[PDB]
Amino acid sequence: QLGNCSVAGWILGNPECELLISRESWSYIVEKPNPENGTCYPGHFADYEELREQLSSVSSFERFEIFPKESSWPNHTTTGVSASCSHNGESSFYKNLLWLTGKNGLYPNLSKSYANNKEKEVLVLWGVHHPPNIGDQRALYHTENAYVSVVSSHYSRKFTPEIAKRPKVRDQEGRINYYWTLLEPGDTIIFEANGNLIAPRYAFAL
């Protein structure tokens, strides 16, 4: 049961999506015909339908912190929030993602990796920020030429995020594109970046 939230909203961590008792059981989810709370920050969720179908029928579920805020990101700023993902008249963000930006005027090249040791496959989501102007790009990630590299044994993307001013949606001209994969046991997923990576915080083992 998702109430006013979509699968996107529930699985990404929309603050207005307070479905947190989770569970391991339904076969079917639930949605409204036109859910109001999904991707609060505008952008494109890659393979949405495919996720909804693969997310139908879960026998065992749990939400765990794949990259914990306090220990995983020492060289970067993790406080990024938006007035588009607002919770109680107060700018917030996705609960299962982290908006990494610069700390002390730098964005150092990062390299993070998670080895699946849960016997079962873990659902990993992330994002890539596409700023509306080069100024925001420079202000946030301290480079003009960013790369985001998500690599596993069944998935391999080499992102080159581009500046584009898009029509204002939810008061924003910038976009965060949403991506996901299923990580099989024994496999290890490696994130590498120098900007624009909305990093995963919580994943899902099903």
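Don't overthink the numbering: it's just position in the shown sequence, from 1.
With 140-148 and 31-39 compared on mean CA B-factor from the PDB entry, the stretch scoring higher is 31-39.
Mean C-alpha B-factor is higher over 81-89 than over the other stretch, the pair under comparison being 95-103 and 81-89. Set against one another, the Cα B-factors of 179, 159, 67, 155 in the record reach their highest point at 67. Per the deposited coordinates, the residue with the largest Cα temperature factor out of 113, 109, 117, 133 is 117.
Placement of the Cα temperature factor of residue 63 within the chain: highest third of the modelled residues, per the deposited record. Residue 45: CA B factor in the lowest third of modelled residues in this chain (values from the PDB entry). Per the deposited record, the Cα B-factor of residue 190 falls in the lowest third when ranked against the other modelled residues of its chain. Per the deposited record, the Cα B-factor of residue 11 falls in the lowest third when ranked against the other modelled residues of its chain. In the deposited entry, the Cα temperature factor of residue 183 places it in the middle third of its chain's modelled residues.
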